[PDB]
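J.: Below is one structure. I have some questions about it.
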There are 2 protein chains.
Amino acid sequence: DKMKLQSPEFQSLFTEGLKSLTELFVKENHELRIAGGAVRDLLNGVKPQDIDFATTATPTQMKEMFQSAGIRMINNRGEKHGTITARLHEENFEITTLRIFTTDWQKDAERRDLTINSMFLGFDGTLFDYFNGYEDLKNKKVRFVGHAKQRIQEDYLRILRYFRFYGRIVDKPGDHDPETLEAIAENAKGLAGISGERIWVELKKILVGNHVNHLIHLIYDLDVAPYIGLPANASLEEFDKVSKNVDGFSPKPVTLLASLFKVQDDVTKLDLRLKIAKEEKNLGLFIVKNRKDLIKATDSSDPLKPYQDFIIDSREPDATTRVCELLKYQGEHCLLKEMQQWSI
Amino acid sequence: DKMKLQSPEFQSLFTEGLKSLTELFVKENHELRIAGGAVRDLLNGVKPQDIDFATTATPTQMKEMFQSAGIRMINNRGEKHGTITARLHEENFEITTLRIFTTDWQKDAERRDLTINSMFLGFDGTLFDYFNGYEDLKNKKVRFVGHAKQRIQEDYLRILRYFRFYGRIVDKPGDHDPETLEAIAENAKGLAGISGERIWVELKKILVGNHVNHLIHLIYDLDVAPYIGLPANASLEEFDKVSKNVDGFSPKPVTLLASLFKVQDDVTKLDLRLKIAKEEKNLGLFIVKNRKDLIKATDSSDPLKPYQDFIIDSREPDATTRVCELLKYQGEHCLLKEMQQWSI
């Protein structure tokens, strides 16, 4: 309450237009702060990006305010509602009202995920905690705000979300409150019901994050795999392997997942449940043995030819890309570089 | 006798100076022909290069001929007398008289080792075979002239020479007349006597010719290795390996030999017997464990660094070269290419 935030990163959020936002939201009397990640990020130093603004004003009254000041709002099919986006100077501002529904007691945080994402930030730099979140972070904690019968509390997806953050912030691996880990195990069959493209977005974040190998093992030990698209478990040999192969290079989520794929089909099983996109699918079966094993790497005069040749004869797009991820997965580090300097 | 040899290659030997030679030798009445491999080469297409001319004139009268025509002679120091060398239009022509000692009945092709090399060639394009040689070649034969009772016939070196050509012409490995193969086994203890830098020049040819892996297995199966500087029957496991690693790239003879001898010292054992030069020696121990196993290749972020670094501060010459042959031997085909594009 006496310690205000002011570091350079935060300082710059105040763009040529955020100010105009502020101006407007003030004269019209409507407390507006920034929240969620985009508050913790700031605390951690990383500039927020895709900030999630929060406002006490109802969505109803925002338009009769933006329209008034002639501010273009963007992207419809609201369906939820709540959140709104203005443009201002060509910046875009995802403004969102608080909710139980549209409430107004900054105990919106109560609705929030985990501590870390339950903070608010005045533009003073006045930090609004409410759940020792600032303390959990820094402490590298990551804990929900209703035990874990908040995981079940609708959004069963929380499961994945837990895993995702344990990736952003942790340092060591294994340091898991048995409490929530259990909460997960017990539910999880719930996941079987939350959207599907809504898990893809998260599973992809888990995959291109930290201690993937760990996280996905959990995803199996706790038996979440089945309700998340993942195929037939137990072995996790190939995974671990490919896992240590792609690590460092910037593997595409499917490149990784593909390692826990026994066979093609065992991949459409994923396309059907996640509704992944094209390419996403195509890279999958591409890797999955149609080449995973047969397209080895020479062992004689001028390697990478077997690969290049493919790209040439391929008659199907991104041949290179597909190959490159293969090389990643296959672990051929040196060929990878060579290939990333080749053309036709 | 009616079929004269006529080809583009052969036609070109008649350089702007060979003619001068011909002129003289004809005006001095002394049948001069070209012989040895230079003849078989011509038959096979490859232009001779370092042709071995033969003359009925004694080495004595050659000088009282070249001196007369003010033609400079070179590469003296005995020059294994019988063989002389003039220059003519800056070209060098190794002329040699026939012998039992300085004889003259063109049955100097008795003293010759293998049929293939016992031919002669008139500037006519006439051949004169004498031992169905043109037929052994073309038939890919390679047989001594009159039982390996000739191998023993002095020049125990013939052993190595057999191997070397069996590599030139042959196609497949295995096709060995058991007769001569035995003759080798029986003798060969003899090699222990012939020169030593005289074998190194041949062992190297064997090493950078065709079916090496074979040839050397023979060089052991027939127990020749000991009387040649090669370490006491090792295992050839590593060999076979390294052999298939270097094949294709341009391995240096030592880079290969190093394989079949894996503790330093049995490398000097080679230096002592063959009187190989530095570098050859320095490459030896260099590969030979000096780095063979310890200098692996990364397995993480940007490989080849462990190699580069070595060179960067090796405080010893050719570091690169040495390294490069290692990569060959190590089998890192892709790091080899990369390394051959690097500098400082």
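Letters A, B, ... mark the chains of the structure tokens in the order given; residue numbers begin at 1 per chain; ligand numbers begin at 1, in order shown.
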Write out as JSON, numbers by chain all residues of stretch 121-264 of chain B that backbone DSSP assigns to strand (DSSP E or B).

T.: {"B": [121, 144, 247, 249]}

J.: As an MDAnalysis selection string, please: the residues near stretch 204-219 of chain A (cut-off 10 Å, only C-alpha atoms, same-chain neighbours under 6 positions excluded).

T.: chainID A and resid 159:174 181 184:185 188 225:226 228 230 233:234 236 239:244 247 250:257

J.: Sorted by chain and rising residue number, which residues of chain B lie within 10 Å of chain A, and what are their closest atom pairs and distances in Å to one decimal, counting only C-alpha atoms, as CSV?

T.:
residue,atom,partner,partner_atom,distance
B:244,CA,A:300,CA,7.7
B:245,CA,A:300,CA,7.0
B:246,CA,A:300,CA,8.5
B:247,CA,A:300,CA,7.6
B:248,CA,A:301,CA,5.7
B:249,CA,A:301,CA,7.1
B:297,CA,A:334,CA,9.8
B:298,CA,A:333,CA,9.6
B:299,CA,A:333,CA,7.7
B:300,CA,A:333,CA,7.6
B:301,CA,A:248,CA,7.0
B:302,CA,A:334,CA,7.6
B:303,CA,A:334,CA,6.6
B:304,CA,A:334,CA,8.4
B:331,CA,A:299,CA,8.1
B:332,CA,A:334,CA,9.0
B:333,CA,A:303,CA,6.7
B:334,CA,A:334,CA,6.0
B:335,CA,A:334,CA,6.3
B:336,CA,A:302,CA,9.5
B:337,CA,A:302,CA,8.2
B:338,CA,A:338,CA,7.5

J.: Any chance you can output those residues with N, CA, C and O atoms as a JSON list (two decimals), in the first residue's frame?

T.:
[["chain", "number", "residue", "atom", "x", "y", "z"],
["B", 244, "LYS", "N", 35.07, -48.04, -43.08],
["B", 244, "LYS", "CA", 33.79, -47.67, -43.68],
["B", 244, "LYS", "C", 33.46, -46.25, -43.35],
["B", 244, "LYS", "O", 32.51, -45.69, -43.89],
["B", 245, "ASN", "N", 34.22, -45.65, -42.46],
["B", 245, "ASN", "CA", 33.96, -44.27, -42.11],
["B", 245, "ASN", "C", 34.68, -43.37, -43.09],
["B", 245, "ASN", "O", 34.12, -42.41, -43.60],
["B", 246, "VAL", "N", 35.93, -43.69, -43.36],
["B", 246, "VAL", "CA", 36.71, -42.87, -44.25],
["B", 246, "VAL", "C", 36.35, -43.09, -45.71],
["B", 246, "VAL", "O", 36.44, -42.18, -46.53],
["B", 247, "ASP", "N", 35.93, -44.30, -46.04],
["B", 247, "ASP", "CA", 35.66, -44.61, -47.44],
["B", 247, "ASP", "C", 34.81, -43.54, -48.07],
["B", 247, "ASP", "O", 33.72, -43.24, -47.58],
["B", 248, "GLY", "N", 35.31, -42.96, -49.15],
["B", 248, "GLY", "CA", 34.58, -41.94, -49.89],
["B", 248, "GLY", "C", 35.24, -40.58, -49.78],
["B", 248, "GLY", "O", 35.43, -39.87, -50.77],
["B", 249, "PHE", "N", 35.58, -40.24, -48.56],
["B", 249, "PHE", "CA", 36.28, -39.01, -48.26],
["B", 249, "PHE", "C", 37.72, -39.32, -48.65],
["B", 249, "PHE", "O", 37.98, -40.40, -49.19],
["B", 297, "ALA", "N", 32.17, -35.27, -30.03],
["B", 297, "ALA", "CA", 31.59, -34.17, -30.78],
["B", 297, "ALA", "C", 30.33, -33.56, -30.19],
["B", 297, "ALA", "O", 29.27, -33.72, -30.78],
["B", 298, "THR", "N", 30.44, -32.89, -29.05],
["B", 298, "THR", "CA", 29.32, -32.13, -28.50],
["B", 298, "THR", "C", 28.11, -32.88, -27.94],
["B", 298, "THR", "O", 28.09, -33.17, -26.75],
["B", 299, "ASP", "N", 27.09, -33.12, -28.77],
["B", 299, "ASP", "CA", 25.83, -33.77, -28.37],
["B", 299, "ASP", "C", 24.84, -32.77, -27.75],
["B", 299, "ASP", "O", 23.91, -33.15, -27.02],
["B", 300, "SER", "N", 25.03, -31.49, -28.07],
["B", 300, "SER", "CA", 24.22, -30.41, -27.54],
["B", 300, "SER", "C", 24.28, -29.19, -28.47],
["B", 300, "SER", "O", 24.37, -29.33, -29.69],
["B", 301, "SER", "N", 24.24, -28.00, -27.90],
["B", 301, "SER", "CA", 24.26, -26.76, -28.65],
["B", 301, "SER", "C", 25.48, -26.65, -29.57],
["B", 301, "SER", "O", 26.61, -26.87, -29.11],
["B", 302, "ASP", "N", 25.25, -26.33, -30.84],
["B", 302, "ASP", "CA", 26.29, -26.13, -31.88],
["B", 302, "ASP", "C", 27.57, -27.00, -31.77],
["B", 302, "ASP", "O", 28.56, -26.61, -31.16],
["B", 303, "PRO", "N", 27.54, -28.17, -32.40],
["B", 303, "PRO", "CA", 28.67, -29.09, -32.37],
["B", 303, "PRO", "C", 29.86, -28.58, -33.11],
["B", 303, "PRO", "O", 29.80, -27.50, -33.70],
["B", 304, "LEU", "N", 30.93, -29.36, -33.10],
["B", 304, "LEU", "CA", 32.14, -28.98, -33.79],
["B", 304, "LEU", "C", 32.93, -28.00, -32.95],
["B", 304, "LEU", "O", 34.12, -27.79, -33.20],
["B", 331, "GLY", "N", 34.13, -40.59, -38.24],
["B", 331, "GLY", "CA", 32.90, -40.80, -39.00],
["B", 331, "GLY", "C", 31.88, -39.67, -39.01],
["B", 331, "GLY", "O", 30.79, -39.84, -39.54],
["B", 332, "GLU", "N", 32.24, -38.52, -38.44],
["B", 332, "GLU", "CA", 31.34, -37.37, -38.37],
["B", 332, "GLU", "C", 31.21, -36.65, -39.71],
["B", 332, "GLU", "O", 31.54, -35.47, -39.83],
["B", 333, "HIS", "N", 30.70, -37.37, -40.70],
["B", 333, "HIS", "CA", 30.53, -36.83, -42.05],
["B", 333, "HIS", "C", 29.99, -35.41, -42.13],
["B", 333, "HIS", "O", 30.48, -34.61, -42.92],
["B", 334, "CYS", "N", 28.97, -35.09, -41.35],
["B", 334, "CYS", "CA", 28.39, -33.75, -41.38],
["B", 334, "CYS", "C", 29.25, -32.70, -40.69],
["B", 334, "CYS", "O", 29.24, -31.54, -41.09],
["B", 335, "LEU", "N", 29.96, -33.08, -39.63],
["B", 335, "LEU", "CA", 30.86, -32.14, -38.96],
["B", 335, "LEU", "C", 32.08, -31.91, -39.83],
["B", 335, "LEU", "O", 32.75, -30.88, -39.73],
["B", 336, "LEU", "N", 32.37, -32.90, -40.66],
["B", 336, "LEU", "CA", 33.50, -32.82, -41.57],
["B", 336, "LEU", "C", 33.22, -31.71, -42.55],
["B", 336, "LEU", "O", 34.03, -30.81, -42.70],
["B", 337, "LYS", "N", 32.07, -31.76, -43.22],
["B", 337, "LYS", "CA", 31.69, -30.72, -44.16],
["B", 337, "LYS", "C", 31.74, -29.36, -43.48],
["B", 337, "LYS", "O", 32.39, -28.45, -43.98],
["B", 338, "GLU", "N", 31.07, -29.24, -42.34],
["B", 338, "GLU", "CA", 31.06, -27.99, -41.60],
["B", 338, "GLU", "C", 32.49, -27.51, -41.35],
["B", 338, "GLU", "O", 32.85, -26.38, -41.65]]

J.: Give me, as a PyMOL selection string, all polymer residues having an atom no more than 9 Å from residue B:5, counting only C-alpha atoms and skipping those fewer than 5 positions away in the same chain.

T.: chain B and resi 10+43+121-122+124-127

J.: Take atom CA of residue A:269 and atom CA of residue A:288 and report the distance between them in Å, one decimal.

T.: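 These atoms are spaced 13.1 Å apart.
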
J.: Using only C-alpha atoms, which of A:85, A:20, A:117, A:68 sits nearest residue A:134?

T.: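 That would be A:117, the residue with the smallest distance to residue A:134.
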
J.: Please provide as a PyMOL selection string all residues within 12 Å of residue B:311, with the sequence filter that same-chain residues fewer than 6 positions apart are discarded (counting only C-alpha atoms).

T.: chain B and resi 295+304-305+317-324+339+342-344

J.: Residues of stretch 34-131 of chain B in alpha helix (DSSP H) according to DSSP, as JSON, numbers by chain?

T.: {"B": [37, 38, 39, 40, 41, 42, 43, 44, 59, 60, 61, 62, 63, 64, 65, 66]}

J.: One number please: atom CA of residue A:340 to atom CA of residue A:326, in Å, one decimal.

T.: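 Atom CA of residue A:326 lies at a distance of 12.7 Å from atom CA of residue A:340.
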
J.: Between atom CA of residue B:88 and atom CA of residue B:21, what is the distance in Å, rounded to a tenth?

T.: 7.2 Å

J.: Write out as a ChimeraX atom specification each polymer residue whose atoms come within 8 Å of stretch 56-60 of chain B, counting only C-alpha atoms; drop sequence neighbours fewer than 5 positions from it.

T.: /B:30-32,81-84,96-98,102-104

J.: If you keep N, CA and C atoms, can you produce a file of those selected residues as an mmCIF file, in the first residue's frame?

T.:
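In the end it all went to out-v4.cif:
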data_model
loop_
_atom_site.group_PDB
_atom_site.id
_atom_site.type_symbol
_atom_site.label_atom_id
_atom_site.label_comp_id
_atom_site.auth_asym_id
_atom_site.auth_seq_id
_atom_site.Cartn_x
_atom_site.Cartn_y
_atom_site.Cartn_z
ATOM 1 N N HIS B 30 68.786 -46.354 -81.850
ATOM 2 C CA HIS B 30 68.598 -47.027 -80.568
ATOM 3 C C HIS B 30 67.120 -47.195 -80.263
ATOM 4 N N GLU B 31 66.533 -48.289 -80.738
ATOM 5 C CA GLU B 31 65.111 -48.536 -80.530
ATOM 6 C C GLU B 31 64.708 -48.084 -79.132
ATOM 7 N N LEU B 32 63.704 -47.224 -79.065
ATOM 8 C CA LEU B 32 63.219 -46.720 -77.792
ATOM 9 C C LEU B 32 61.725 -46.970 -77.742
ATOM 10 N N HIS B 81 71.030 -46.373 -61.526
ATOM 11 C CA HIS B 81 71.690 -46.574 -62.816
ATOM 12 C C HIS B 81 71.035 -47.588 -63.727
ATOM 13 N N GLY B 82 70.947 -47.197 -64.990
ATOM 14 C CA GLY B 82 70.284 -47.969 -66.016
ATOM 15 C C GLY B 82 69.175 -47.053 -66.467
ATOM 16 N N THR B 83 68.737 -46.216 -65.535
ATOM 17 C CA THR B 83 67.702 -45.243 -65.774
ATOM 18 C C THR B 83 68.343 -43.876 -65.754
ATOM 19 N N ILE B 84 68.055 -43.057 -66.764
ATOM 20 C CA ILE B 84 68.574 -41.693 -66.835
ATOM 21 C C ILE B 84 67.397 -40.779 -67.088
ATOM 22 N N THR B 96 65.286 -45.781 -69.665
ATOM 23 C CA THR B 96 65.921 -46.914 -69.005
ATOM 24 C C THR B 96 66.335 -47.996 -69.993
ATOM 25 N N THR B 97 67.538 -48.521 -69.825
ATOM 26 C CA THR B 97 68.001 -49.583 -70.697
ATOM 27 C C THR B 97 67.382 -50.862 -70.191
ATOM 28 N N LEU B 98 67.419 -51.905 -71.009
ATOM 29 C CA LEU B 98 66.888 -53.211 -70.621
ATOM 30 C C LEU B 98 67.872 -53.896 -69.681
ATOM 31 N N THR B 102 72.629 -54.955 -68.291
ATOM 32 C CA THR B 102 72.287 -54.230 -69.511
ATOM 33 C C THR B 102 72.216 -55.093 -70.779
ATOM 34 N N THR B 103 71.134 -55.861 -70.915
ATOM 35 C CA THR B 103 70.942 -56.741 -72.068
ATOM 36 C C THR B 103 70.292 -55.999 -73.225
ATOM 37 N N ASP B 104 69.773 -56.736 -74.210
ATOM 38 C CA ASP B 104 69.149 -56.105 -75.383
ATOM 39 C C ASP B 104 68.140 -56.941 -76.177
#
